[PDB]
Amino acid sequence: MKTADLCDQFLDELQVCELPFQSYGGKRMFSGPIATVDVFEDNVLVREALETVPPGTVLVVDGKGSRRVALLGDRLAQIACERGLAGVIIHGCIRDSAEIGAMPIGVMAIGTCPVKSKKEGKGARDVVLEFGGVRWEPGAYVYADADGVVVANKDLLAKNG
């Protein structure tokens, strides 16, 4: 589960995120199949994804790194906990960081912003994301911890060759 160990064993099959994230959730280490959301200062699709993706999923949200609004708050983090998701990785900001820090889920983002995001529904789910020098594909697997975030095109702990 350590990204350090995964790199030592499978570096050739891994993409290493170049963007350093701040860890906000109660869980510092988390991993699972990737579900994607591509938005810009709007989180309606982030919410719909959290309410529908399979348990154990790690939702990756490309918010273009905007710091003008938060894309996830305690209400949405709560949904993630209630539906048994592994965590959320956001190329953007979150809010209610105090409350999220007390939840048993992983949450990584580049910063905090108290302003709510737009609620128009613009953006798309299940598309290929591109940020942090990494190509995030639906169905791929992401592993995150205190040292970083790495992505594999399949479950590296269920393979045999």
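One rule holds for the numbers: they count along the sequence shown, beginning at 1.
Between 12 to 20 and 138 to 146, it is 12 to 20 that carries the larger average Cα temperature factor according to the deposited entry. Looking at 43 to 51 and 114 to 122 together, the entry lists the larger mean B-factor for 114 to 122, computed on C-alpha atoms.
Annotation for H91: C-alpha temperature factor in the lowest third relative to the rest of the modelled chain, per the entry. Among the modelled residues of its chain, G106 has a C-alpha B-factor that falls in the lowest third according to the deposited record. Among all modelled residues in its chain, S66 ranks in the highest third by Cα B-factor.
Among the modelled residues of the chain, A35 sits in the middle third by CA temperature factor in this PDB entry. In the PDB entry, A98 places in the middle third of its chain by CA B-factor.
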